[PDB]
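Below is one structure, written out as structure tokens; the observations come after it.
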Ligand SMILES: CC(=O)NCCCCNCCCN
Ligand SMILES: [K+]
Ligand SMILES: [K+]
Ligand code: NA
Ligand SMILES: [Zn+2]
């Protein structure tokens with residue numbers, strides 16, 4: 001029921017800074033906050049967010065994660081002169097103090113708690129806090145790496161205590177390891193912590209052995225700590241997406257969190273002097289988007305690091321755009337993760353194979369300065385989704401959905417198309433279908449007016465043929481076709497314009513690398529199996545293919561997962577998807593339009609394990625396709 005995105009920010013947090021020379025700290029500046037808020041204002045994003053005021057964290061709230069001794073020591077820093085502040089600072093690693101920093105740290109922490117309350121009270125769907133100082137390096141009794149108090153740790157502990165949540169996911173995509181968060185939740189199975197980080201075989205700050213992939217948690221928490229070290233610099237969009245599809249997302253959808261918290265550092269973006277990675281600001285639009293089906297969209301993004309003022313602002317915008325449901329940018333030039341990333345990924349998956357169903361097949365032999373382009377403009381569609389129910393059927397639609405109304409120009413175009421390719425066809429309504437299909441496609445393709453749509457149809461073949469051919473000569477260079485059904489469609493995949501995913505009940509072999517045919521055995525297995533295929537096979541290929549339109553097709557004869565797919569597939573083609581439902585089903589159509597319109601997706605519940613037969617079918621698919629579609633790889637390839 002919740003709507004809106006909270007934006008929590010206050011200028012007071014820009015009113016502390018470094019007072020002496022220190023090259024290790026000089027990158028952390030007040031302008032990080034003002035440049036980011038200014039970019040949100042510039043692009044119209046702040047004005048579309050609910051402004052929630054900041055508050056101080058209380059002393060009892062601070063004590064959730066920190067010791068009285070530490071708190072008492074920090075409480076004294078407002079009274080110190082600069083000499084005393086430098087001497088206090090030097091007791092810790094890579095951190096400076098300022099007379100106002102205790103005050104701002106209490107603000108950064110309270111700002112996060114304000115965000116958790118706004119999302120958990122259903123006052124907003126999700127939100128972001130722009131806070132200084134950052135939090136994820138700080139620990140029970142120490143400030144560390146520009147961090148005073150552990151903002152994100154607070155959020156999880158506050159959410160456990162005040163909302164009795166049993167499963168919280170924390171995604172830390174900052175370029176540094178958040179060891180403070182790891183230490184806090186090491187033994188706690190109710191918080192799943194995932195972090196990637198520049199590591200370089202422990203030679204990169206903070207130089208900890210327990211930042212390696214081997215640290216999986218302790219005791220009852222074993223398996224709920226996931227470290228993915230980057231052992232070279234220059235990681236790219238492909239590396240990041242490979243990490244999500246093959247490590248993070250399989251575990252997250254299996255865990256089924258009730259709240260997602262993001263430790264969102266943008267020192268992992270291109271141009272950052274700390275990360276020296278190569279991922280574009282647009283990738284954070286997808287990182288955000290791919291997590292939003294989780295926890296019914298309850299997602300608290302919390303700013304950590306980020307030190308290239310330009311890439312920080314662009315990356316913050318890409319994130320808020322995604323929180324607001326705006327269409328994702330298309331990611332070009334994706335492919336295999338590099339060898340170093342693949343080594344990290346394969347080591348992580350193997351060490352976590354003891355704890356997670358998505359990796360369990362791995363345990364047994366039988367089983368197995370720089371410049372870059374400014375991001376393009378992301379425009380919410382005037383109306384998001386158009387829907388064409390069968391004639392006579394009116395339905396309750398969200399405020400951002402409309403019914404279609406064939407124009408005379410389109411009616412002639414349908415007449416031409418029947419004149420040429422379909423002579424002996426005169427059914428007046430499976431020809432209104434084609435007028436619907438063509439009219440809804442033109443709104444999707446020819447203007448930012450409409451984003452996506454769904455049409456109910458009767459004859460699959462004529463409908464699919466006209467949709468696909470009208471798409472290709474609009475023109476849209478490539479079209480991803482997703483077909484749940486058992487026939488053979490009028491679809492040609494022998495020219496590179498079309499990739500066909502088919503989820504069917506009859507087992508088939510596909511001959512060529514532009515078709516992916518998944519035959520899952522029906523039963524209580526079906527849902528975990530499908531989600532495994534979606535995350536580990538379908539999304540990897542789709543992202544690399546980079547279609548300009550997605551064509552979804554469902555024959556009259558699964559379902560539980562269809563909203564997750566529809567939501568996730570909108571990362572492709574700027575969300576331009578056309579769904580063709582053969583035969584009227586009230587609730588499938590209602591589910592489709594919900595997810596197409598950007599509404600929250602109901603959770604699946606924690607996932608059981610898929611049938612080993614289904615895993616085998618899927619890995620055979622991977623082996624068959626990963627030479628062509630390298631984003632499928634989650635292992636280093638054999639050298640000649
Ligand atoms: C919030 C954040 O991203 N902090 C990064 C801390 C950087 C410390 N660098 C140490 C340099 C070693 N010579
Ligand atoms: K991290
Ligand atoms: K934990
Ligand atoms: Na120091
Ligand atoms: Zn960082």
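Count begins at 1; order follows the chain as displayed.
Note: Cβ is positioned from N, Cα and C throughout, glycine not excepted.
What Swiss-Prot records for the Zn(2+) site is 174, 176, and among 239, 256, 267, 272 the residue it adds there is 267. Listed in sequence order, the recorded positions from 137, 176, 267 having a Cα within 10 Å of the Cα of residue 274 (site 'Substrate specificity') are 176, 267.
A distance of 11 Å separates the Cα atom of residue 174 (Zn(2+) binding site) from that of residue 137 (active site, proton donor/acceptor). Comparing the recorded positions 174, 267, 274 on other C-beta atoms within 10 angstroms of each C-beta gives the minimum for 274. In this structure the C-alpha atoms belonging to residue 137 (active site, proton donor/acceptor) and residue 267 (Zn(2+) binding site) are separated by 14 Å. With 30 residues not built between them, residue 368 and residue 369 place their Cα atoms 45 angstrom from each other. Separation across the 5-residue hole in the deposited chain, residue 557 to residue 558, is 11 Å (Cα atoms). Secondary structure from DSSP puts residue 274 (site 'Substrate specificity') in coil.
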